[PDB]
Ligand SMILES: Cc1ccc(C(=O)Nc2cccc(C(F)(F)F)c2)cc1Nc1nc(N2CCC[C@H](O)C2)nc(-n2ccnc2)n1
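One chain is shown next in structure tokens, namely the form deposited without the ligand.
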């Protein structure tokens, strides 16, 4: 093994392609850790470009580049594509494919009421296909939420982002015992289904994180969204079983949604 000894800032680059700075053009800021730009990549394709905020430590630099390193391990229709990274130069950049419709939760809020049930279920199916791929790769995500899904022009949804925890989206056993598995991702997927079917309502509304923690252990579950088919809500309820072994697996979820479509 030539990599018995390795610098962590090199280890995280393994599944990435190094891109020369002359190949990349940032054109405008589209989001704001650090900033997100819309740009072009000469390979000319449109891309999203993430940079790291000035003053970062080496640890933050490794964590930043490691995001690209995780993304680069994956190749699936419903997982955001990594074009490459600029790591040898400043500012450092993570270059990914451009997604015209931005984050799923924001998208649904802006297009509220505008999709058919079939289109919404199609989005959920793509997310589920992405998560089945991750689960099969033995990757436990821990932050599955509509804000971490990107949407392109064809409404294809891709998982795009890879102890503070996202309390509203996290399974009870993970909040209580830090027990994160694919089955806790399944719980999160149930929350995402609810975010989708309500067109981007915040899970548990204005309830505080503490009220949510208490509610879910008391057996409270989010109620059916308006106009949500009962089979869709029933699947949500299965994803939110208190006993994680009772939740369906992602392969089961994909099959269930396919039969619905």
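Residue numbers count along the first chain shown, from 1. If you superpose the two forms and keep the largest set of C-alpha atoms that fall within 1.5 Å, you have the rigid core.
Colleague: Does the comparison with other entries of this protein show residue 163 left unmodelled in at least a third of them?
Modeller: yes, residue 163 frequently unmodelled elsewhere, at least a third of entries.
Colleague: At least a third of the other compared entries: do they leave residue 43 without coordinates?
Modeller: Residue 43: unmodelled in at least a third of the other compared entries.
Colleague: Per the record, how many residues of the deposited chain fall between residue 43 and residue 44 without being modelled: none, 1 to 3, 4 to 9, or 10 or more?
Modeller: Going from residue 43 to residue 44, the model skips 4 to 9 residues of the deposited sequence.
Colleague: For the step residue 98 to residue 99, what size class fits the number of deposited residues with no coordinates, none, 1 to 3, 4 to 9, or 10 or more?
Modeller: In the record, the chain runs straight from residue 98 to residue 99 with none unmodelled.
Colleague: Where do the C-alpha atoms have the higher mean temperature factor in this entry, in 111 to 119 or in 75 to 83?
Modeller: According to the PDB entry, the answer is 111 to 119.
Colleague: Averaging only over Cα atoms, indicate whether 50 to 58 or 198 to 206 has the higher B-factor in the PDB entry.
Modeller: The stretch with the larger mean CA B-factor is 50 to 58.
Colleague: Highest Cα B-factor in the deposition, which of 152, 184, 138, 148?
Modeller: Highest C-alpha B-factor among the listed options: 152.
Colleague: What third of its chain's C-alpha B-factors does residue 245 belong to: lowest, middle or highest?
Modeller: According to the entry, residue 245 has a C-alpha B-factor in the chain's highest third.
Colleague: Ordered by C-alpha B-factor within the chain, which third holds residue 125? Give me lowest, middle or highest, please.
Modeller: Tercile = middle for this residue's CA B-factor.
Colleague: Please place residue 64 in the lowest, middle or highest third of its chain by C-alpha B factor as given in the entry.
Modeller: Answer is middle: the recorded C-alpha B-factor places it there.
Colleague: Considering only modelled residues of the same chain, in which third does the CA B-factor of residue 37 rank: lowest, middle or highest?
Modeller: Within its chain, residue 37 is a lowest-third residue by C-alpha B-factor, going by the deposited values.
Colleague: What third of the chain does residue 180 rank in for C-alpha temperature factor, lowest, middle or highest?
Modeller: Middle third of the chain for residue 180's C-alpha B-factor.
The same protein also exists as the form deposited with the ligand bound; that form is not shown, yet it is the one meant from here on.
Colleague: Superimposing the C-alphas around the site, does the ligand, as posed in the bound PDB entry, end up open here or blocked, where blocked is 3 or more of its atoms within 2.4 Å of backbone or C-beta atoms?
Modeller: Blocked: 3+ ligand atoms clash with backbone or C-beta.
Colleague: Partner absent here, but in the bound PDB entry, which of 187 to 195, 167 to 175, 133 to 141, 114 to 122 has residues with a heavy atom within 4.5 Å of the ligand?
Modeller: Heavy atoms within 4.5 Å of the ligand in the bound PDB entry occur in 133 to 141.
Colleague: For the ligand, considered in the bound PDB entry: do all three of 18, 41 and 89 come within 4.5 Å of it, counting heavy atoms only?
Modeller: Checking in the bound PDB entry: none of 18, 41 and 89 is within 4.5 Å of the ligand.
Colleague: May I ask you to choose, among 45, 207, 30, 231, the residue with a heavy atom within 4.5 Å of the ligand in the bound PDB entry?
Modeller: It is 30.
Colleague: Would you classify residue 159 as touching the ligand in the bound PDB entry, given a 4.5 Å non-hydrogen atom cut-off?
Modeller: It does: once the ligand is placed as it appears in the bound PDB entry, residue 159 has a heavy atom within 4.5 Å of it.
Colleague: Taking 4.5 angstroms as the cut-off for heavy atoms, does residue 36 touch the ligand in the bound PDB entry?
Modeller: So residue 36 counts as contacting the ligand.
Colleague: I'd like to know whether residue 79 contacts the ligand in the bound PDB entry, with contact meaning heavy atoms within 4.5 angstroms.
Modeller: Within the cut-off, so yes.
Colleague: Classify residue 99 as contacting or not contacting the ligand in the bound PDB entry by the rule of any non-hydrogen atom within 4.5 angstroms, answering yes or no.
Modeller: The answer is yes: residue 99 has a heavy atom within 4.5 Å of the ligand.
Colleague: At 4.5 Å, heavy atom to heavy atom, what parts of 60 to 76 sit next to the ligand in the bound PDB entry? List them in sequence order, or say none.
Modeller: Those in contact are 67, 70, 71, 74.
Colleague: Superposing the core, which one of 228, 235, 212, 62 shows a C-alpha shift reaching 2 Å or more between the shown form and the other one?
Modeller: The displaced C-alpha is that of 62.
Colleague: With both forms fit on the core, is the shift of the CA atom of residue 182 between the shown form and the other one 2 Å or larger?
Modeller: The answer is no; the displacement is under 2 Å.
Colleague: Once you overlay the rigid core, does the Cα of residue 129 travel 2 Å or further between the shown form and the other one?
Modeller: Shift at residue 129: below 2 Å after core fit.
Colleague: Taking the rigid core as the superposition reference, indicate whether the CA of residue 51 shifts 2 angstroms or more between the shown form and the other one.
Modeller: For residue 51, whose C-alpha is compared between the shown form and the other one after core superposition, the shift is 2 Å or more.
Colleague: Kindly indicate if, in the bound PDB entry, the C-alpha atoms of residue 138 and residue 58 are closer or farther apart than in the structure shown, bearing in mind the change is 3 Å or more.
Modeller: Their C-alpha distance shrinks by at least 3 Å in the bound PDB entry.
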